[PDB]
Amino acid sequence: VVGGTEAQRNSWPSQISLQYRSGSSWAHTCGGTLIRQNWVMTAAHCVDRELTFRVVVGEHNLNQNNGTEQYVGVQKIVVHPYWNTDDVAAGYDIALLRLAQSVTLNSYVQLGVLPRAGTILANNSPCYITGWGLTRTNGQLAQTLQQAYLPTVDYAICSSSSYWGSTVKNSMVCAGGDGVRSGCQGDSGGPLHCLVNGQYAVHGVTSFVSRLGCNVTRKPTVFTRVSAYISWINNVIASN
Ligand SMILES: [Ca+2]
């Protein structure tokens, strides 16, 4: 997250760190949202690589023991069947991971609230992105979980010529674009949390930023729209 502030430890308890095995250690690669005690929602593109993955819940600082983490292997990966790795702009950037164990809930580990199917946020709705992704374009991952305030940009505006044009679809949410704050590499797969009727819900799964840079004016961060996939998510959880 570029232009973020450090999140409080208990603000976003559904955020997870998706990590892969790197020699004798583990490296953060993407975020995710814990949606059941044994299921995580993330981006399809995060799991294209044929890597060994694990999930960390209750994580705050990737580089120090927080005394709250639970580490769990990924047992099954279900990518949306219309996902095409050669075409992020087509959408379908969503995947569900069944965890090898059910995690234990507490102040640091909670299920993410999902929006009702079909919900579309009004332009300029209040949301936060969270994650450990780069803190600058071509920078480095955050140590501590970051958050940034990114108001939505509705479809008519986001898909206009000076923004994302045809690249953005109605199955996506755009947020931000102020030139200062944004998602960045490493935030992919994590939540966009938006306040609706007094309750934060996870309306987006972080998907992509401009090839030109993370914080680019009129290139808001783009998220898979969670409320476009409620039926798909329920069907996967019910059949697995
Ligand atoms: Ca830690």
Side-chain angles (χ1 to χ4, degrees), residues 1 4-5 7 9-18 30-44 46 55-60 68-70 72 78 80 93-99 102-115 117-133 145-154 170-176 183 187-207 221-238 240:
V1 177
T5 56
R9 218 166 264 289
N10 54 0
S11 281
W12 313 111
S14 64
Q15 165 90 60
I16 73 77
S17 176
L18 179 64
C30 280
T33 298
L34 186 69
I35 59 163
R36 301 291 195 274
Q37 288 179 251
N38 66 334
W39 284 98
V40 166
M41 177 173 70
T42 190
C46 286
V55 163
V56 192
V57 305
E59 184 54 299
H60 182 74
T68 55
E69 304 94 325
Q70 302 169 47
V72 66
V78 187
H80 195 286
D93 199 4
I94 188 164
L96 292 177
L97 313 181
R98 188 175 72 209
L99 312 186
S102 294
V103 304
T104 293
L105 307 185
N106 57 44
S107 308
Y108 311 98
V109 184
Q110 291 285 310
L111 309 185
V113 170
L114 300 196
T119 298
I120 305 291
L121 295 169
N123 185 61
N124 210 40
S125 293
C127 306
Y128 282 93
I129 192 178
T130 55
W132 290 272
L145 185 67
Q146 301 286 295
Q147 63 184 54
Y149 181 68
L150 301 189
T152 67
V153 180
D154 75 16
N170 209 56
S171 65
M172 298 163 188
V173 183
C174 297
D187 289 320
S188 291
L192 181 73
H193 313 265
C194 304
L195 185 63
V196 179
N197 298 129
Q199 171 194 63
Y200 278 98
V202 180
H203 281 245
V205 173
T206 304
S207 184
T221 308
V222 182
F223 307 78
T224 304
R225 177 164 58 83
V226 174
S227 73
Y229 298 95
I230 296 307
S231 282
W232 179 76
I233 292 164
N234 287 335
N235 290 342
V236 171
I237 289 166
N240 288 283

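Residues: numbered from 1 along the sequence shown. Values reported hereafter were calculated over all heavy atoms of this structure, with side chains retained and with hydrogens, waters and symmetry mates removed.
Checking side-chain atoms of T206 against main-chain N and O of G190 turns up a donor-acceptor pair under 3.5 Å. A donor-acceptor contact shorter than 3.5 Å is absent between the side chain of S207 and the backbone of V222. In this structure a side-chain-to-backbone donor-acceptor pair under 3.5 Å is missing from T152 to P126. Judged by distance alone, with hydrogens and angles left aside, the side-chain atoms of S17 form no donor-acceptor pair with the main-chain N or O of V56 at under 3.5 Å. In this structure a side-chain-to-backbone donor-acceptor pair under 3.5 Å is present from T224 to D93. Not one N or O on the side chain of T33 forms a donor-acceptor pair closer than 3.5 Å with the backbone of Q15. Without hydrogens or angle criteria, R9 side chain to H60 main chain gives no donor-acceptor distance under 3.5 Å. Side-chain atoms of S227 come within 3.5 Å of backbone atoms of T119 as a donor-acceptor pair (strictly under, hydrogens ignored).
Of all heavy-atom pairs between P115 and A201, the closest is N-CB, 4.4 Å. In plain terms, the two heavy atoms of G31 and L18 that are nearest each other are O-CB, 4.3 Å. In terms of heavy atoms, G32 sits closest to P191 at O-CD, 3.8 Å. When every heavy atom of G176 is checked against every heavy atom of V153, the shortest pair comes out as O-CG2, 3.6 Å.
Residues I94 and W232 form a side-chain contact, since some pair of their non-hydrogen atoms from C-beta on lies under 4.5 Å apart. Annotation: side chain of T68 is in contact with side chain of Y108 (closest heavy-atom distance under 4.5 Å). Residues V202 and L192 have side chains not in contact (no heavy-atom distance under 4.5 Å, counting atoms from C-beta outward). Between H203 and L121, some side-chain heavy-atom pair lies under the 4.5 Å cut-off. Between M41 and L97 the shortest side-chain heavy-atom distance does not fall below 4.5 Å. Considering only heavy atoms from C-beta on, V78 comes within 4.5 Å of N240 through its side chain. Within the 4.5 Å cutoff, the side chain of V1 has no heavy atoms near those of the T130 side chain. In this structure, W12 and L145 have side chains that are in contact, with non-hydrogen atoms separated by less than 4.5 Å.
The line from OG1 of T5 to CD of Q147 is 4.0 Å long, rounded to the nearest 0.5 Å. Rounded to the nearest 0.5 Å, atoms CD1 (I129) and CG (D187) are 4.5 Å apart. With values rounded to the nearest 0.5 angstrom, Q70 atom CD is found 5.0 Å from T104 atom OG1. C174 contributes atom SG, which lies 11.0 Å from atom CG of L150 (distance to the nearest 0.5 angstrom). Distance check: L96 CG to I35 CD1 gives 5.0 Å after rounding to the nearest 0.5 Å. Within the model, atoms CZ of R225 and CE of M172 stand 10.5 Å from one another, a figure rounded to the nearest 0.5 Å.
In this pair, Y200 and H193 present their aromatic rings perpendicular. The plane angle is above 60°, beyond the 30 to 60° band. Using bins of under 30°, 30° to 60° and over 60° for the plane-to-plane angle, the ring pair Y229/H80 lands in the perpendicular bin.
Under the rule for a side-chain hydrogen bond (donor to acceptor under 3.5 Å, both in side chains), the partners of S188 that lie at least two apart in sequence or sit in another chain are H45. Annotation: side-chain contact (heavy atoms from CB on, under 4.5 Å) contacts of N235 (sequence neighbours excluded): none. Partners of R98 according to the side-chain hydrogen bond (donor to acceptor under 3.5 Å, both in side chains) rule, which considers only residues two or more places apart in sequence or in another chain, are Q75.
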Checklist entry - Can you check side-chain contact (heavy atoms from CB on, under 4.5 Å) on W39 and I237, steps first, answer last? => result CA-CA 8 Å; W39 284 98; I237 289 166; 3.9 Å; yes
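With respect to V55, the side chain to side chain contact (heavy atoms under 4.5 Å, CB included) criterion is satisfied by exactly one of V103, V72, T42, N38: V72. Only one option out of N10, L105, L34 pairs with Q110 in a side chain to side chain contact (heavy atoms under 4.5 Å, CB included); it is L105.
Using modelled atom types, one finds no donor on one side chain facing an acceptor on the other under 3.5 Å when comparing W132 with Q146.
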